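Take a look at this single chain in structure tokens; it is the form deposited in one PDB entry.
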């Protein structure tokens, strides 16, 4: 027993957290344990990983907390492997340097810490940015996370954040958390599939762990593992078109967006004279918030305020709050492009209006390209956009050049376009002719462009 500095302190016994996806999360460092236990990581239990997806895939109730630990776990497994077989002691200057282990472990655990409730929707209404806030959390002395990291060394908070912002000077560390095949994507693809119940949009983590390699340029995958790397791209693409891009979840998302926007407009309007009782949102209505105010938000804050709003003297706010709480998403139809459809969309909005729906709150144009999921688009100008396969002689070849399957998927390359509207426009009074004519513009789930 010696004087062990904080950065190297180990728990007397390994701590294990049951996880349905990875079986166990293994924790050996005091620092990592203290981070998991910190106020701002604990906060992630109360924020759903998949936002509105749970309305379509009702198993999708998992938290950002569990995913954060999952990412940590995969990262830990990679570090173990790198140290065992591909260390600096074995391979020299560009081998894995295990002094990088702690920072890589912290970066993995904390990568999503700045996420708020329904963050994609919250960011569009309130001009937050989960990435900026992640950095702020890590480096602002008021957080428990900072106080832990600063106890490692004085510059440790800045270093951890630089990993997340991809400015850290070791590409093996950067690319383990963020690349085209990283611990982050690997956990969420496995976890989202496990909980939605789409268990066939799933690859083999262990085979990928068998072929993952560190090198001078970052992280590559041995050539004999090409097929396992293919399965991963297959899962990635399957999860995108089947789960994340689902029209009904997006329909709920549109409601949420329009709900939060109406609230904000009401708060700012002097002619509106009722109390929204939404104290934790006030700083965001005003566009003037602190990190502390932000850290108080989670999914429950929003739904709690929505419940209180079902009684508001505003018919639109009231209805939108109802729609979100009770699951009444807007319906959608596809169109080709914004330019062509413009005239038809405008006219359908007129019809919707005439029937008593304010088009601003009850319609939207929506694309899957707008969502935070990117396709594999390997480009030799941005090295972190490629998946590299390592040949036996140590040379690298980009995945798509050797895999026709991947090249076919990377070339499927397409995001959709949708127009949203109330279902009651199609469900079937002195509005007969209006509904009849609206329906006639919808065929095979698509806008008929007659105008």
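We call the rigid core whatever largest set of C-alpha positions still superposes within 1.5 Å between the two forms. Positions refer to the first chain, counted from 1.
Missing deposited residues between residue 428 and residue 429: 4 to 9, all without coordinates in the entry. Here the stretch with the larger average CA B-factor, out of 158 to 166 and 334 to 342, is 334 to 342. If you average the C-alpha B-factors over 279 to 287 and over 208 to 216, the higher value belongs to 279 to 287. Across the residues 188, 200, 245, 294, the deposited record lists the maximum Cα B factor for 200. For the set 140, 367, 121, 85, the maximum C-alpha B-factor listed in the entry falls on 367. For residue 144, the recorded CA B-factor ranks within the lowest third of the chain. Only modelled residues enter the ranking. In the PDB entry, residue 398 places in the middle third of its chain by CA B-factor.
Per the deposited record, the Cα B-factor of residue 436 falls in the highest third when ranked against the other modelled residues of its chain. When the CA B factors of the chain's modelled residues are split into thirds, the value for residue 313 lands in the highest one. Sort the chain's modelled residues by C-alpha temperature factor and residue 324 lands in the middle third, per the entry.
The same protein also exists as the form deposited in another entry; that form is not shown, yet it is the one meant from here on.
Among the residues 389, 27, 41, 31, the single one whose Cα moves by at least 2 Å between the shown form and the other one, once the core is superposed, is 389. Residue 311: CA moves less than 2 Å between the shown form and the other one after rigid-core fitting.
Residue 155: CA moves less than 2 Å between the shown form and the other one after rigid-core fitting. Shown in the overlay between the shown form and the other one, fitted on the rigid core, is a CA shift at residue 341 of 2 Å or greater. Relative to what is shown, residue 118 and residue 337 are farther apart in the other form; their C-alpha atoms differ in spacing by at least 3 Å.
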